[PDB]
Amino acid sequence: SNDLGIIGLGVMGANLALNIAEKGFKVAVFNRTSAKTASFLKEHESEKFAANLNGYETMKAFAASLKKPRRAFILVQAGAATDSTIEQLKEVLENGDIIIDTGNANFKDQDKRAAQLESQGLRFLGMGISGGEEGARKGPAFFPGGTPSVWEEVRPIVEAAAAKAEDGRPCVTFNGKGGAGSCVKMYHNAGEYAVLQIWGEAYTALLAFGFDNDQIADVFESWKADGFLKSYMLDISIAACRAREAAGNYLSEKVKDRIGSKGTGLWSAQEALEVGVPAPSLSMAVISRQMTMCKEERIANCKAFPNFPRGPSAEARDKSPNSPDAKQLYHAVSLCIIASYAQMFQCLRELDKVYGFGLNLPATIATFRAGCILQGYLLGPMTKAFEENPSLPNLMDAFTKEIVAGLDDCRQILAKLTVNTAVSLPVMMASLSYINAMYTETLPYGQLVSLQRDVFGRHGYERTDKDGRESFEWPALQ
């Protein structure tokens, strides 16, 4: 008899089984292809553990070995595979047993699974996993959301394998009812989507100045020593630049510029649009990936028009990390992460009102500190910012001093990138527009477009002096 069950021996599924088994819990593993299950026990037999790891080839034996109430963890591809696995388990579980879906699924679908499963005496919990392969093996951050009773039942198992923060608290906190955990996980990736693109966009800017791959990460390493931008994404960005093939060439040169995506980044952008929360940086991150996927279109576009005006190339004479071009981008990069995280948090607060999770916002920022993708220094002030003022109008209001210090310095270098080079900067320029619009009392295009709609649609417009709607009568124009 085992204590827990994990289904899906993928990158996240395989390492998670190793983690809990190392914790002393008896882990039962199952995968759709039984060959993987046999190989899993074969390679991981020389460890100081895995006597608790017993693999099974049939589903009936997988369920029967679990302590009642059963706790089955699902780590398969989100969507059809998760739906396929849950219905397969419905014939091998009993009343009161707990199923846990940990794949990066949609929170809308998460509530549907809860209703369909509670009708047959089954219990469901929706939680998200972040940290990647290494985070899975060492310790990830957990984002659980659903019925509060189920979370406490699996609380000891989750916290043991969870990442341990600097202070000592495990990086897991209950988020709320429904798909609150997956909603947080969905927007956890949304923040990851933008910042990962921000680092890549700054990578393009440095390359636009003739910086070869080595000095680009040299600039990044100096920014890490500053401490403000110290983050896991900075670590992987530096590692990507330093990557070199066996032939001596940089790895980044041979990599095709096509970025795959799986759901979570896309779904969060649509929902933010649907709820009405302005998230240009979050939406632009997804669109930027879509641009890279149309590689055949780009090749045809360049071939059909090769005389593209790319602007006057402006190589930077100083290629050291102390160069003004490097220094200006540091303030440009930092404010874009601040802007992007603000939009990520802005949707989450509005999402809490609409779907009624009962989200504990200050603790959810604190659960990012270690083990997850968004881990870094910036989570300190951001957790503190919403702890001091839970009613903060915008996350940037906590970082006023950093904005004043480098908002101007940010503006010229992007303009310098714009005028001198033809490098696309979708997310960074979206963030700058978000900062300006959210900090200007009156946006002139808001007034004019309101009039424009009234001209043809007679939709009316709002007035500043008095409440209500008024429509001025326009002359015929067709």
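Numbers follow the displayed sequence, beginning with 1.
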*With respect to the recorded C-alpha B factors, which stretch has the higher mean value, 90-98 or 361-369?*
90-98
_Mean CA temperature factor from the deposited coordinates, higher in 79-87 or in 223-231?_
79-87
*Highest Cα B-factor in the PDB entry belongs to which of 192, 271, 166, 296?*
166
*Looking at 153, 253, 218, 257, which has the highest Cα B-factor in the entry?*
153
_Could you place residue 135 in the lowest, middle or highest third of its chain by Cα temperature factor, using the values in the record?_
middle
*asked:* Sorting by Cα B-factor within the chain, modelled residues only, which third would residue 434 end up in: lowest, middle or highest?
replied: lowest
*Among the modelled residues of its chain, does the C-alpha B-factor of residue 124 lie in the lowest, middle or highest third?*
highest
*According to the PDB entry, is the CA B factor of residue 55 in the bottom, middle or top third of its chain, that is, lowest, middle or highest?*
highest
*Using the B-factors in the PDB entry, rank residue 61's C-alpha atom against the chain and give the third, lowest, middle or highest.*
highest
